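>>> This one's a deposited entry, sequence included:
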Amino acid sequence: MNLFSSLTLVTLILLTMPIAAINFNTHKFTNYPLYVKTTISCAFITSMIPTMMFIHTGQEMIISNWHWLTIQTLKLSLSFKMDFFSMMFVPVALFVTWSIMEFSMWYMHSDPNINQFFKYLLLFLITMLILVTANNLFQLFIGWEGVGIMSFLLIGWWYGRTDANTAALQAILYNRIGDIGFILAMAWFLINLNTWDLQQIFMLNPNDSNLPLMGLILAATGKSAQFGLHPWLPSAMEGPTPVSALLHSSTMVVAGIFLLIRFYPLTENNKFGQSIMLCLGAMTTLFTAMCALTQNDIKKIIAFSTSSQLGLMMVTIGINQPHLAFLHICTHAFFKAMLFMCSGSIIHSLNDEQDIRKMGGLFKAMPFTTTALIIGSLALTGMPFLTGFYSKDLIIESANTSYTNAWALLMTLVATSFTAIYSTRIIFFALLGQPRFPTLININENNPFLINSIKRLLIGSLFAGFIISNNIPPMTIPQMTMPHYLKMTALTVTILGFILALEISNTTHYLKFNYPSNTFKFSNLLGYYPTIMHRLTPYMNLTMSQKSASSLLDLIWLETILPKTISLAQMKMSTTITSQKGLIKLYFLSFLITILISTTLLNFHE
Amino acid sequence: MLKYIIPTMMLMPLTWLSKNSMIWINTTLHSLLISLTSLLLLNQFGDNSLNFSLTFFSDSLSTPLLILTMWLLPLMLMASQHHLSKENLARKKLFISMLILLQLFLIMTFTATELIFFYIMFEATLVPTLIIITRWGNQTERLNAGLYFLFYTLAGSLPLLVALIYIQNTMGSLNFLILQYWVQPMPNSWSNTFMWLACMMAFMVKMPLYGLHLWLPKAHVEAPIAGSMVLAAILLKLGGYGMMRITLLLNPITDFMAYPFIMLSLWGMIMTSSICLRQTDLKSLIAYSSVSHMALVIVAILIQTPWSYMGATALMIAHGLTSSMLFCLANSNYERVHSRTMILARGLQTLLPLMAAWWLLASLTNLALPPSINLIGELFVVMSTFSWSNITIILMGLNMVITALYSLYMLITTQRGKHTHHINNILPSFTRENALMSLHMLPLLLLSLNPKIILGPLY
Amino acid sequence: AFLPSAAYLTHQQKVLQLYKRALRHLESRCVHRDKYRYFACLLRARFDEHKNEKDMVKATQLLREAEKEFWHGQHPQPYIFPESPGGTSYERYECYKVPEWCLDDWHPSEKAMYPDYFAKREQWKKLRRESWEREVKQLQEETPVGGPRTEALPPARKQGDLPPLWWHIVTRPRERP
Amino acid sequence: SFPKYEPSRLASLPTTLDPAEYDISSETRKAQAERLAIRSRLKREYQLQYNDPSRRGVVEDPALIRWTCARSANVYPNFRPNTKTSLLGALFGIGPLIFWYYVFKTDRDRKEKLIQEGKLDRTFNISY
Amino acid sequence: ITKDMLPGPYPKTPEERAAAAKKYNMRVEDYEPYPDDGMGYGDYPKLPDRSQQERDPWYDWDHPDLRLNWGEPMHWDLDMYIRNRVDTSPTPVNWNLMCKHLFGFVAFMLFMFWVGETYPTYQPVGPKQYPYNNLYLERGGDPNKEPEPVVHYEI
Amino acid sequence: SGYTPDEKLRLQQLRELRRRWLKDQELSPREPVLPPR
Ligand SMILES: CCCCCCCCCCCCCCCCCC(=O)OC[C@H](COP(=O)([O-])OC[C@H](O)COP(=O)([O-])OC[C@H](COC(=O)CCCCCCCCCCCCCCCCC)OC(=O)CCCCCCCCCCCCCCCCC)OC(=O)CCCCCCCCCCCCCCCCC
Ligand SMILES: CCCCCCCCCCCCCCCCCC(=O)OC[C@H](COP(=O)([O-])OCC[N+](C)(C)C)OC(=O)CCCCCCCCCCCCCCCCC
Ligand SMILES: CCCCCCCCCCCCCCCCCC(=O)OC[C@H](COP(=O)([O-])OCC[N+](C)(C)C)OC(=O)CCCCCCCCCCCCCCCCC
Ligand SMILES: CCCCCCCCCCCCCCCCCC(=O)OC[C@H](COP(=O)(O)OCCN)OC(=O)CCCCCCCCCCCCCCCCC
């Protein structure tokens, strides 16, 4: 007990110490990014011990160490839930963040505000581990809004750029729309169960949990870029490459998925919520992987890749397999962070070029980036016995062999083929073929920061699926008996995707020119949704906000009814009183009329 | 409460007998000492309110408003000493006297044991505010704004006088402590309907209610910075304080008299946030944000659950600090570009990085970032309005989305993008300005550590 | 249409802008360099066919339906250069383009850190404030009545005189500060 | 032939497809020359003040002050209460208030009827 | 700034229209005000309702972030048509065709999720069987009551 | 056609002044002159 809780809190306090260091500074640092990278490496080391002694026994505890507030029956405490989810996500996120920061010491080197960048990146890590370790909804909301605000600050990093500010405000918009449902869930649990703690939620175990689970699905739609609230994540590639690699691939965008996995004892008892999650996840993994097929910016292709994998995670939550979904989070982190790091290595080596149509021939000019990008693409598509296999193969073999929405399953398999298609699109245009970049070759991947940072996630992408799948305990009963066309579904559909896209990419060398079909313009313009809605909804909101609200109500009508009409009425009565002609005859004639009215008409003499 | 009234009156000879270069430093120092002394009011008990005399008492509602009021005076002196630097010495002492006198009225407004003393002090707070706006306001519209500020409040409050003297003749007393035990139910009649309106409409104007808020984006804009600070931080909260006192007497008629005003405020928090999305004046954007935040406090008082009162008093204190800091940031740019147009000075993070950090933190507290007491008050009001009706979560969430939108739109517009080329008098941030920003923000962040002293009488 | 020097676009300029847009969008459609080179020679032939056209009405009509051709056959996400508007690195470094007058507001302890730079800056500021009145009276004697017709600026004519309105063109920030 | 581009309010017509761009007539040449002359005179008037060594302040734009005074301070003197403004002030002013009033009144009457019948499950509700 | 440089009421005579067109620094023939329906525009020009994104990004603007010049009459909704906000630029696909394809795709996907919900897939198995009367005490059953015996047999 | 002779002369003079400015933007070998730590 004493070792587990101590190293648990020492991990988080160790991560907060460089924030005190960057705030209590006078000098220019002796390499503060090296200090934060060393701190996160040592925090990974510190977090490995409670993980090992969870793998030994299954040891879990709650650390409710600080009573913060008591609202008459709601004792709010700083409470840390050290369960399977925290024990398997904290070292994965620390290992990935350690590799992202050693990548960042190379990528963000010429930036004169590199200390602010590492401060912001560590603040994201602190808020994310506040999110994933929280035991009540208030502290989880703190980590939730914290990763939202650090998402803002890291998307709009180059704040002179209009598109960065626009994409950051977009991300805040979609995440606050998800926060509507998050606060709906908090309100429901407080009113109907008198708690925000997960323990009383799980022990009271409500049956009419349709509405709070709808709120949690809305929160995960906002946070994990599901359909309807998806377009902030491809816009979120406007920030720097380590921002994308850490936050918007592996660590931040799995938080809504982590929220719905965190409420697995309530989603396991609600078939309506499982069907909603299944249809939403299949919709997302179809639509975003369909958008990724005809994109040209490499970071957009990998952002639609990670939103397709988030749709797949929402699918496997929807089939009552939450631990497979969390395994796929911890699996997806390694190779998707490494895919963004390889793409950023290409971007730096080709002088800030992010377009795959100006690449090629990097199979030999960038051999290590090529090796790791091929390995990450194979782990993304579900090559056998890499890290992506031990999650994605089980997700497909469990979504097939279950009482399932059949259209959701069929769109899941079409998405599985599309993953292979856009992965070999990345490999074809970025690596293979002939060079299309400009003529001054400054290709160089010879920094040990870059080599080591890709190397550790490369060892992760080779072995982490095997290691984690053999170290996690059984939490469900795995379906291991199925017919052979149904066992071989994912591999056959992935090979058909590779063959189909080999045909597609080899028909790009032919001397034919074809006008683009409507399916090409649909898939290339993001399914028209960031074009239609981002023009139409701000139009109807801001025209209303000016014309109705600012002008017509609160400069015209609410000013007209009470103050202006009363002022004009008292003005007019003032002019009727004092428009006398100064004639004594008329004043005494009015006095006579007064006395006549008082006698005859008002009976004041009676 | 006399140990706070007497030093505030002794600030008058302290500001009139000071040396001509010492009249800011002495008033700042001794008002900081009064603000240090204000913490003795935290002697609160779970059963009894801290009842001083026949005239003064302080429960856990009036105590945070008192500490915020006594804390606001040195910060108003710091904010207002740069643009009144070239002023006459006598007019400078008159400005400081109006600030000290407004604090003197407020600290015995919140502690008024008897309600007509509350009314006299409550309407006494108009006169120094009116003199500050119409005398040391900058543009032409300050006279019209003083007219609107005076004649909405008195139009609302002169029925309140007749209502309170009626309660004095009926119950025999307007002592709030006696009326905690002699309160009778107020049944349904037209007489009691207009009783409810006469007791509530003055405070609805002071909050302000949506539809009656038209005094506010002219009084808060056309005031100087000390006027804007006190109007945003204390003088809107006089209305919520009076509501939380006077709704003791208005039961059970409030349970159906509240519906039109709950509709007005639940729709006004949407409409005024939408107005904030399309403001060209930065100071007016902060004014309509204040209307949008006080709409929730109106809903929380009118639904009168304990969670709603706790969230309303937390949101009143949090909004006082946040809106005062937003007006001070707006003044820090107005003292450089000499225009309140928000689109004029752009890209200011490239020029003033630490001042842009203060902009970031005040915009984060404006959007209710947890665990700030902004989010605590916001969240408790949302809990209580959800328990009121489950469909109010749509309006509360849509308000939170638009609130985040105009907060970060304000931040991006003033601080981000390419800087304005033809503006070259952007000085570095003075130590006075950064100290003002930190003395707003650091108590607002430290109150997240121990938030129980701002959750009212029924924490 | 919209130019600082001219009031309009000529027909020849519209044809050249169409030809450049068509080659760029074709290069977006025709990613590989040999295939783009083939179809770009075909497009050069399609522009060289109606090249020696002396009927301005016929050339205007061919230009208009060629714009309809280009609009029907444009790439939806064309290749944009990174520092080109729309590109992924456009206006990225504008947050590092601090203007020159911000050096005037430095404390003297950090002006003492760069003595030769500020000592060499004072002669630039001196040169500008002696050039200013001469370049103002240069502009007012050359500009006709009713104000200038175009946004073109005249160069310096004497020796020793600097070109008029030169300061915020010369002392603009770099592209990679 | 080719599908004609149909312009919308939020997707305008391109310059390359607009039929009025290709005008060579002398009235369009004089209009564009006069617009270039106005823009050039305003450009000169700006950048004479902008390049001044003696100026240290704000080159004030009267167009910006004119825009803000149109947006706020001149709206009500240019207002006439007529059919269009009164119907838009009644529809957009008291319409949503009446709407949310009947919505929340219906919902709360339903909730109170279920509570006083013991039908609304209120077992663990003690925070309110 | 002074009185005759501020906006005024709606122009009715052509010399008032010419004075207003001189005031807003633009041609008399290009000056159109908003129509006098009393909404409160005065003499302010109705500019052609374009976003600032459509402005020439290569032209040397006086405000390069805004793509706007000094002295140029601003649009009424200039705060709305900034490049951080509503874009009106010409789209490669028509607006109505975009709306039809997006609405048809979303409606078809929702209709097919409803069909697949109505016709779900499954596996040719029975229900999962559990000991101890379908786990009566494990599922929170009270021990004072006795459940009906749920007996499962070998096959 | 290309530039006018006035435009080429102005670009030449602005180019010379710009290159003088950018050459003056270099550091000295003694700069930054630091205070003693
Ligand atoms: C009673 C004892 C209490 C002791 C502990 C105190 C607790 C916190 C108090 C307040 C802390 C913030 C104040 C400093 C920041 C503001 C000024 C600033 O910009 O400085 C930068 C400057 C260093 O930057 P620089 O590069 O030199 O210049 C600035 C740059 O130009 C440009 O700047 P920049 O943009 O690069 O950097 C700004 C950066 C920008 O980053 C952000 O804005 C991101 C922040 C939001 C997202 C992440 C946080 C989300 C919430 C989670 C954390 C809270 C809960 C955690 C618990 C677990 C979960 C329940 O912000 C920060 O780094 C702030 C770090 C701390 C964040 C706290 C939350 C602020 C967010 C808004 C409110 C949120 C809710 C309230 C939370 C209250 C918690 C107590 O800092 C300093 O020099 C420090 C000066 C001294 C600060 C003292 C603070 C305490 C004073 C209290 C006095 C009385 C009590 C005695 C105790 C004293 C202890 C020291
Ligand atoms: C580098 C500085 C560190 C300290 C170095 C010097 C000391 C050396 C080491 C010895 C440690 C100090 C002695 C022991 C510590 C004190 C023990 C003790 O009983 O303390 C009393 C208590 C313990 O709790 P408690 O339950 O006894 O008291 C709470 C108080 N009442 C009951 C009145 C409500 O307080 C602390 O320990 C304070 C530390 C808090 C740590 C967490 C801070 C969170 C910051 C964010 C706030 C907002 C969160 C909001 C959301 C929360 C979730 C809903
Ligand atoms: C912000 C501007 C608007 C402010 C609005 C303020 C509230 C609106 C309603 C105010 C009504 C007047 C005060 C009522 C005090 C009630 C005291 C009392 O005992 O009531 C019960 C008494 C009952 O009579 P009684 O007390 O003699 O009898 C004993 C009680 N019974 C009947 C049971 C035996 O009510 C009245 O006598 C009349 C109350 C209504 C008075 C209507 C006249 C005023 C109309 C509205 C004017 C609003 C402001 C207009 C101007 C705005 C600026 C230009
Ligand atoms: C289980 C349920 C699942 C349900 C899923 C679906 C639910 C939601 C349905 C869609 C609603 C949200 C989407 C519409 C608004 C999108 C706004 C946005 O993203 O704006 C971005 C836009 C710029 O974007 P872009 O065009 O990409 O920029 C490229 C470079 N110029 O930026 C701008 O133009 C700036 C805009 C600033 C002002 C924003 C005004 C609009 C605010 C909308 C509020 C919506 C509130 C919804 C409340 C719901 C309550 C239940």
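All right, it came through fine. Numbering: from 1, shown residues only, chains lettered A, B, ... in the order given. Ligands and ions are numbered 1, 2, ... in the order given.
>>> where's residue E:55 relative to residue A:539, distance?
According to Cβ to Cβ, to the nearest Å, residue E:55 and residue A:539 sit 19 Å apart. Just so you know, the C-beta spots here come from the backbone N, C-alpha and C atoms, and that holds for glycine as well.
>>> give me every residue that touches residue C:64.
With contact taken as Cβ atoms under 8 Å, 6 or more residues apart in numbering or on different chains, residue C:64 is in contact with residue D:22.
>>> Skipping its backbone neighbours, what lies nearest the residue nearest the centre of chain E in space?
Central residue of chain E (Cα atoms, centre = their mean): residue E:86, 8.5 Å from the mean position. Spatial nearest neighbour of residue E:86, excluding adjacent residues (Cβ to Cβ, 6 or more residues apart in numbering or on different chains): residue A:538 at 4.9 Å.
>>> Please identify the helix or strand for that neighbour.
helix A:529-543 (DSSP states H and E).
>>> Return the set of buried residues in that helix.
A:529, A:530, A:531, A:532, A:534, A:535, A:536, A:538, A:539, A:541, A:542 (16 or more other Cβ atoms under 10 Å in any protein chain shown).
>>> Out of those residues, the closest to residue B:80 would be?
residue A:542 (35.3 Å; Cβ to Cβ).
>>> Run through the residues that contact the closest residue to chain C within chain E.
When Cβ to the nearest Cβ is the measure, chain E has its nearest residue to chain C at residue E:57, with 3.7 Å between them. Going by Cβ under 8 Å, 6+ apart, residue E:57 touches C:85, C:86, E:67.
>>> what's near enough to touch the second one?
If I follow you right, that is residue C:86. By Cβ under 8 Å, 6+ apart, residue C:86 lies in contact with C:80, E:57.
>>> is it true that it lies in a helix?
No. Using DSSP: H, G, I helix; E, B strand; the rest coil, the assignment for residue C:86 is coil, not a helix.
>>> touching chain D at all, stretch B:294-314?
Yes. Counting by Cβ under 8 Å from any Cβ of the partner chain, chain D is contacted by stretch B:294-314 at B:305, B:306, B:307.
>>> in which helix or strand would I find residue B:428?
Judged by DSSP H and E, residue B:428 forms part of no helix or strand.
>>> Any idea how many residues pack against it?
15 (other Cβ atoms under 10 Å in any protein chain shown).
>>> That one touches residue B:352, doesn't it?
Yes. If you go by Cβ atoms under 8 Å, residue B:428 and residue B:352 touch, sitting 7.1 Å apart.
>>> Would you map the helices across chain E?
Using DSSP state H, the helices of chain E run over residues E:14-23, E:95-118, E:131-135.
>>> out of the ones you listed, which comes closest to residue A:365?
helix E:95-118 (40.2 Å).
>>> What is that closest one packed up against?
helix A:271-291, helix A:406-426, helix A:518-524, helix A:529-543 (3 or more Cβ pairs under 8 Å, 6 or more residues apart in numbering or on different chains; DSSP states H and E).
>>> would you put the C-alpha positions of the helix or strand following the first one in CSV?
Spelled out, that is helix A:271-291. Following helix A:271-291 in sequence order, the next helix or strand is helix A:298-318 (DSSP H and E). Extracted in CSV, the C-alpha atoms of helix A:298-318 (Å, rounded to 0.1, in the frame of the first residue of the first chain):
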residue,chain,number,x,y,z
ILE,A,298,0.0,14.6,-44.9
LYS,A,299,-1.1,15.8,-41.4
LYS,A,300,-4.7,15.9,-42.6
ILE,A,301,-4.4,12.3,-43.7
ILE,A,302,-3.1,11.3,-40.3
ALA,A,303,-5.8,13.4,-38.5
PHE,A,304,-8.5,11.6,-40.5
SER,A,305,-6.7,8.4,-39.7
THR,A,306,-6.8,9.1,-35.9
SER,A,307,-10.5,10.2,-36.1
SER,A,308,-11.3,6.9,-38.0
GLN,A,309,-9.5,5.0,-35.2
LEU,A,310,-11.6,7.0,-32.7
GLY,A,311,-14.7,5.9,-34.6
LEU,A,312,-13.4,2.3,-34.3
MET,A,313,-12.9,2.8,-30.6
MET,A,314,-16.5,4.1,-30.3
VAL,A,315,-17.6,1.0,-32.2
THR,A,316,-15.8,-1.4,-29.8
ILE,A,317,-17.3,0.5,-26.8
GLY,A,318,-20.7,0.0,-28.5
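>>> what inclination does the helix or strand just after helix A:298-318 have with respect to helix A:298-318?
The first helix or strand that comes after helix A:298-318 along the chain, using DSSP H and E, is helix A:322-349. For helix A:322-349 against helix A:298-318, the angle by axes from the mean of the first three to the mean of the last three Cα atoms, to 10 degrees is 180 degrees.
>>> any idea how far the helix or strand just after helix A:322-349 is from the chain center?
Following helix A:322-349 in sequence order, the next helix or strand is helix A:362-365 (DSSP H and E). Distance, stretch centre to chain centre, for helix A:362-365: 33 Å (Cα atoms, centre = their mean, to the nearest Å).
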